[PDB]
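Peer 1: build me a model from this:
(chains A and B, ligands or ions: 2)
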2 protein chains.
Amino acid sequence: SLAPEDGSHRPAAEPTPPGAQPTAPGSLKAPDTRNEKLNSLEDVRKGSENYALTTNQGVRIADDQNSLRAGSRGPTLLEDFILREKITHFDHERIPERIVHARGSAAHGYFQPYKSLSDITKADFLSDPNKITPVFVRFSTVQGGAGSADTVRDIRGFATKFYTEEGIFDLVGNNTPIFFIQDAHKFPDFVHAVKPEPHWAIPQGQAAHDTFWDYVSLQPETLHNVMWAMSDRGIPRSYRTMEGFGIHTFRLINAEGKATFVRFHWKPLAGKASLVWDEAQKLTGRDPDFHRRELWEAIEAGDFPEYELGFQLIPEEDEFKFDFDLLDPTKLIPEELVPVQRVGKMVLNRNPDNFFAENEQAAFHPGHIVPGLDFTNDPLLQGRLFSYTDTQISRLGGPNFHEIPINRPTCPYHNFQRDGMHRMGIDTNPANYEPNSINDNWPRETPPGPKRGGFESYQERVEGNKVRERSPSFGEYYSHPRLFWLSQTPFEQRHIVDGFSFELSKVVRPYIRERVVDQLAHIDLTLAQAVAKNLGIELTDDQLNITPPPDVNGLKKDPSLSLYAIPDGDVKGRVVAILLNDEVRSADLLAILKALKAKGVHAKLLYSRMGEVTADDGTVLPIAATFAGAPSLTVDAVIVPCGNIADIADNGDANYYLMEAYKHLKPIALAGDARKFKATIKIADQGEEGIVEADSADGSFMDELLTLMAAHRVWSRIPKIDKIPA
Amino acid sequence: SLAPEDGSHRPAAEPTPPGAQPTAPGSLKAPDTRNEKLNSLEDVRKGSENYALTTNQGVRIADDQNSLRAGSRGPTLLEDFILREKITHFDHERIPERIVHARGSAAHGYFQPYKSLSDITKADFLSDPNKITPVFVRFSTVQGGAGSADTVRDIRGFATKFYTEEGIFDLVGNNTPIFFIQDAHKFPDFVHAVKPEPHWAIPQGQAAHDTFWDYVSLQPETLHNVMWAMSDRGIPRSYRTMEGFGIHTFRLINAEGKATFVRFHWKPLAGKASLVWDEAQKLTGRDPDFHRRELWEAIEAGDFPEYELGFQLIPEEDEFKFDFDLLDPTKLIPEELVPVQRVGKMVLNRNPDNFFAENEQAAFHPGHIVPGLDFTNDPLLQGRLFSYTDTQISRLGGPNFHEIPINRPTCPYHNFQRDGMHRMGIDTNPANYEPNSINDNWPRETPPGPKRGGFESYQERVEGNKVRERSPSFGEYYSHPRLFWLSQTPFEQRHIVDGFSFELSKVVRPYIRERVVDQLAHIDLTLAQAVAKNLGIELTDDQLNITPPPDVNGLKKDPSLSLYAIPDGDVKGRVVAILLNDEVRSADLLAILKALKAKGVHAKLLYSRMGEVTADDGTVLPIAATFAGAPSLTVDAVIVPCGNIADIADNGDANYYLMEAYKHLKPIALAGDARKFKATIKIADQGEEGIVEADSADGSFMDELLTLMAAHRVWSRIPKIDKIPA
Ligand code: HDD
Ligand code: HEM
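Peer 2: Residues are numbered from 1 along each chain as shown, chains lettered A, B, ... in the order given. Ligands and ions are numbered 1, 2, ... in the order given. Let me share the structure:
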């Protein structure tokens, strides 16, 4: 037997903190976590233990180590069907990746509404607070391939498949409340401009190249979502710590037939948090799978991603009441004008079993709505409805992608559609058409009605000529980017400046940089000037005299647009690095771990080598990673306990660990003789807001560190970090 | 008309150094670089300037900014065929990536032999020194997807398609002279074990995870290629500075019918050069396209990648004269025992026009041989012959992938094969079968012969029973790894130890680390002890007493197995960072730039912002990048000229630039007051080997720095770097 006798190959089927056990398929890690969708997949889950190895035809294999040959040094024979089946399968493993959002990470979970919403919608999944709907969610980046890195600067996708009793509803959103373009006709142009350039296929996962900024400089409608992407919104800390938005205005339809306009929101119950650029870009090198890993391990730990679904509702009579068009997906609806009403809660509580079968093959599409919902004439949403059914014909091999197990509805589905590649369902209906008498016309149409009704489109009035023309109301491009700019804290504004400065410095053709800075002068001169100075461009007198755009219905700022202006911090699920030494003061470690445990914060024990170290009281401490192997980039704060500090005080990696954490605005805590590390990062003996220090690690020490962590980063340190060489 | 009036949007069609001009399609950058294959591609090359925008049916488009709707705020109409053609084409842009070596970078070039090899092979392309054969080469990594990073630790692929007058020959090799496994039947197991794990699809581009080292610990045949991947061979500086190997013993067949065993080699004329791990890993975040970029720009600069083809030749009578089986792809043939005979030169001198069309769709397959070459019974080679035709059926959409332009032969091809998806050729033969009388049996078979004859397999004798059995002669696993280890310099050995140590520290299940350390103890006790000490593992007395494996045919070392033991340095094509200040000594900068230009070394002028700076004498100096924008990871050396040093002396990024270059063993040269930076890297007054310092950049300053650049890195600095926090 190849397993170790102690059973240490196999993870415990209980929640455990990140790193404590090897990760495992969901159904093995959490066998008792169920929901109607998870259960329904049992027909296709395949075990392995105690079973014979076979071909795909069920023939047991005696020797899976050798090809069939004529003599043991002889040629391989064509009659080796075992070799050829295995190699043929392998040779055809790959399927086309998604045209956009190819890089993504997913989990199973459930949603339920807080109260019935039957006064505004007849959608069944929102009709009953005690009716649970399983979900499957995929989070993604946009530009890079399926093997690109997670912590790039990009917009993030947040797609939710709701397996309702009246059909699948897919809410296919992003983490910013607008898109870059107005009309779907332009999507291939925009996507080609952001994607790797076609001659050399560079750069991966980066908008920082000429063709993207060329498109931006020529299409000012892009500027709003570009401001979002250049802010710290572009580099979330975790999929758990970003917002979601459906972007488009949709309709809700109630049983009386009344339509209300709606925009959809997800509020992360873990709070909003992002990285800083230098950290994000280095993390794509040190751990290109960091968000994928963090999501999977939060779920294994019981730190389940939770989000609150929220609706901005606007009555039909108020369609034209703002100074922007509701159907323009480059405009946001400020929550100061239309509040987000809380609707329900979604909990992600199980990882998939096989990433390819469940994540790679999942198909989401915003056209998959249910009775009680409907579309609007938003010209971006209108073209998305064509694309998501079409692309699955090549990506998933044919028109039967709904029979791939992750995509299957859990409610009944019956119709007269037949055949297609890899057809699974065997229809027994004598009829494959309707109307028919030979099956008494089953399956039959259902009239629309208050519940369990057929889908009917809201009878919106259409009046105009057949035209390819952009609505004049869409031709305003600068006021929303300006509202966003003015809503950010001063440090968030600095990071926006630095985002544009860094990206445009990688554009080789200087005139493109100049044209972008001229667009910025149409938004805000302080922003335009700060970017120009980093690019060595001087604004012209004319540019300095551009009139700022109008306020948005009187608003000079809306703090809900900022990540940080209103505290919402939650430490549960975060992780602290603990830098060990070979004689750790076990009293410090007791106090540190007790306080972390009470707040659901995880620890990773690091040292200069792997294996174990023994603390002052004999406690054996297994080492999670070396200082170089698990860099500060990967944690939220660093604690250095007392002990034999001499052991690590001259270690370059341990000093660098602190210098990188300090540069990246993370809280650092130093107990006892670990305070000698203050010399490495400057710090007055008097101390610094953001560095916790004391004779020992105790109640008070841990309290201060935990309070720092609830504020996420130490923004006050920003002016101290330009001078530090790290 | 949106182009700048000055014409600065368009790169000059002449060779230009990296970063001087935007990069461009090959045929626009270097229109006069031609070869027979590049010329034959003219029938499918499509221009653009001065043409009307059309659908794919040739219909001019009036408004490519808008969908057709009913009213300019109304719904989009199904009758918009222009939108639907455009979005349908976008929706189906992606094809499946290659199952392995999905990440790769390619160029066109040509091959010519030094002399006729008619005495040993009747292969037409090797028959005449004046015969030029166009090639297309793709270099790749092995594990990561097409969107993964370039400078991972991995084996690299080096695949060459020779478009010969007697058919396509594809030499599909790697950058190490052996493979991980012995029998193709194991290829899916090995590849599954190294690829991202199947529950969560982590990690991308890394073998540093449990399932890879699990397989290694259980399959000792893997140890030899694992030693090479853990060495600095696994992290090449460039595709131009690595070796290539076809790995398998093949046969050469001459016109008298004599077979000679042959292994193929490519020697890089630029010399052998690798990164160090920290630098490689960080570079996968700061520039995940570093090797792709470097290859493209070398070619644009005229620094053409050049390689020398070499053969190791073994007479048929000497098949059994070595300690290892010639057919075993885990064994190398030491150059001390069988020298590489130089055969010809390949020069890559033009980039593709379109990466998808030429790179992504190119199909190489080692079964594509020509008369004059033949296979052996190597059991890994034998299974490869099945896989590369099979996998193109899905990857490239059918059996007509040879009609995709890049894959087309330039010589005649005619046969009786018909139809298949995407069939381009319209056959006019009345017959689609042979023998036929209705076309007088054309096209006709051709007897074998000395030139232009049909392919016949060498009549090797086969004798044996039909078995799935590994030859006993393959059952030796440790001697070649030990020969590799003993052949390395001491700094190379240290890097091997650090490689294994880093990788195994990422293995979560400790018993696997233990089992690998046990395997290392079978190779070399010094290596096993040093890895064990880094993992906190103590060898047992049994392990300490394992007797070493025997020498390889009497060899205790072979220096051709080392990257660095025999100096082969070439600076041309390398790049230096020049860290500017706001009043540079122009005399220094004149001396520096001209000395670099004389040796073909490129420079990049860096500063704290973009735009220009003005030298002491008023010379305006354009800035290529900021210190953070183009990190030291991306250059071979760093020069800091004299001037107003206090301008950058306090700049964290400028100091960190030097500390990083220092840690990564790069030469650093400091002129005049730049010597103030010696305190940053802790250099003594009397200086140290590997730091060039003088009062000015004149006399021997540049000659010294170039002498350092020729030795690639300052290995003697390794003891001095462990203490620096960088
Ligand atoms: C039985 C399967 C099998 C085995 C044992 C190997 N390969 Fe392979 N290799 C493939 C099956 C395969 C493949 C699946 O057919 C690929 C992927 C897509 C393609 O066109 O070929 C491939 C791709 C591939 C590429 C990329 C070619 C390109 O750029 O398109 C290179 C350089 C190699 N291989 C080199 C090797 C070497 C040097 C091997 C051992 C000596 C080796 N392969 C063993
Ligand atoms: C409103 C801004 C947009 C948002 C928030 C959006 C959202 C998304 C998301 C989240 C995914 C990933 C779903 C998954 O996890 O698999 C996706 C995939 C896709 N999107 Fe949209 N998208 C938008 C604009 C568009 C437009 C306008 C089009 C068409 C013109 C489009 C065509 C596609 C295609 C082809 C895919 C790949 C789907 C698959 O292969 O299954 N995207 N988009």
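Peer 1: contact partners for the one residue in the stretch 351-500 of chain A that gets nearest to ligand 1?
Peer 2: Here the residue of the stretch 351-500 of chain A nearest ligand 1 is residue A:356; by Cβ to the nearest ligand atom that distance is 16.8 Å. C-beta here means a position set from N, CA and C on the backbone, and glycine is covered the same way. Applying Cβ atoms under 8 Å, 6 or more residues apart in numbering or on different chains, we find residue A:356 in contact with B:198, B:201.
Peer 1: helix, strand, or coil at it?
Peer 2: helix (DSSP: H, G, I helix; E, B strand; the rest coil).
Peer 1: gap between it and ligand 2?
Peer 2: Residue A:356 sits 14 Å away from ligand 2, going by Cβ to the nearest ligand atom, to the nearest Å.
Peer 1: just residue A:384 next, same as before
Peer 2: Per Cβ to the nearest ligand atom, residue A:384 is found 4 Å from ligand 2.
Peer 1: what's the neighbour count on that residue?
Peer 2: Residue A:384 has 21 neighbours, counted by other Cβ atoms under 10 Å in any protein chain shown.
Peer 1: just give the nearest non-adjacent residue to it, would you?
Peer 2: Counting by Cβ to Cβ, 6 or more residues apart in numbering or on different chains, residue A:366 is the residue found nearest to residue A:384 once chain neighbours are left out, at 5.4 Å.
Peer 1: the one you found contacts residue A:385, doesn't it?
Peer 2: Yes. Counting by Cβ atoms under 8 Å, residue A:366 touches residue A:385, with 7.0 Å between them.
Peer 1: ok, now which ones touch the residue in the stretch 401-550 of chain A that ligand 2 sits nearest to?
Peer 2: As assessed by Cβ to the nearest ligand atom, ligand 2 sits closest to residue A:401 within the stretch 401-550 of chain A, at 8.6 Å. Contacts for residue A:401 (Cβ under 8 Å, 6+ apart) come out as A:361, A:363, A:392, A:407.
Peer 1: relative to chain B, how far out is it?
Peer 2: Distance of residue A:401 to chain B, computed by Cβ to the nearest Cβ, to the nearest Å: 14 Å.
Peer 1: state the phi and psi torsions of that residue.
Peer 2: Backbone torsions for residue A:401, taken as degrees, to the nearest 10, come to phi -60, psi -20.
Peer 1: grab the nearest non-local neighbour of it.
Peer 2: Per Cβ to Cβ, 6+ apart, closest to residue A:401 is residue A:392, 4.7 Å.
Peer 1: same check, this time on residue A:31
Peer 2: Spatial nearest neighbour of residue A:31, excluding adjacent residues (Cβ to Cβ, 6+ apart): residue A:13 at 5.9 Å.
Peer 1: check residue A:614 too.
Peer 2: Among residues not flanking residue A:614 along the chain, residue A:620 sits closest, at 5.6 Å (Cβ to Cβ, 6+ apart).
Peer 1: residue A:97 now?
Peer 2: That would be residue A:146: by Cβ to Cβ, 6+ apart, it lies 4.4 Å from residue A:97.
Peer 1: the one you found contacts residue A:99, correct?
Peer 2: No. Applying Cβ under 8 Å, one finds residue A:146 not in contact with residue A:99, separated by 11.6 Å.
Peer 1: neighbour count winner among the two?
Peer 2: residue A:146 (24 against 19).
Peer 1: need phi/psi at the more buried one.
Peer 2: Dihedral angles phi and psi of residue A:146 (degrees, to the nearest 10) take the values phi -60, psi -20.
Peer 1: quick one: contacts for it?
Peer 2: Residue A:146 neighbours (Cβ under 8 Å, 6+ apart): A:97-98, A:102-103, A:360, B:145, B:147.
Peer 1: so residue A:303 touches residue A:572, yeah?
Peer 2: Yes. Here residue A:303 lies in contact with residue A:572, judged by Cβ under 8 Å, at a distance of 6.2 Å.
Peer 1: which neighbours do those two have in common?
Peer 2: Common neighbours of residue A:303 and residue A:572 (Cβ under 8 Å, 6+ apart) are residue A:600.
Peer 1: who's more crowded, these two?
Peer 2: Using other Cβ under 10 Å, the more surrounded residue of residue A:303 and residue A:572 is residue A:303, with 22 against 15.
Peer 1: comparing residue A:366 and residue A:385, which residue is more hemmed in?
Peer 2: Neighbours of residue A:366 and residue A:385, each counted by other Cβ under 10 Å, are more numerous for residue A:366; the result is 21 against 16.
Peer 1: perfect, I'm done here.
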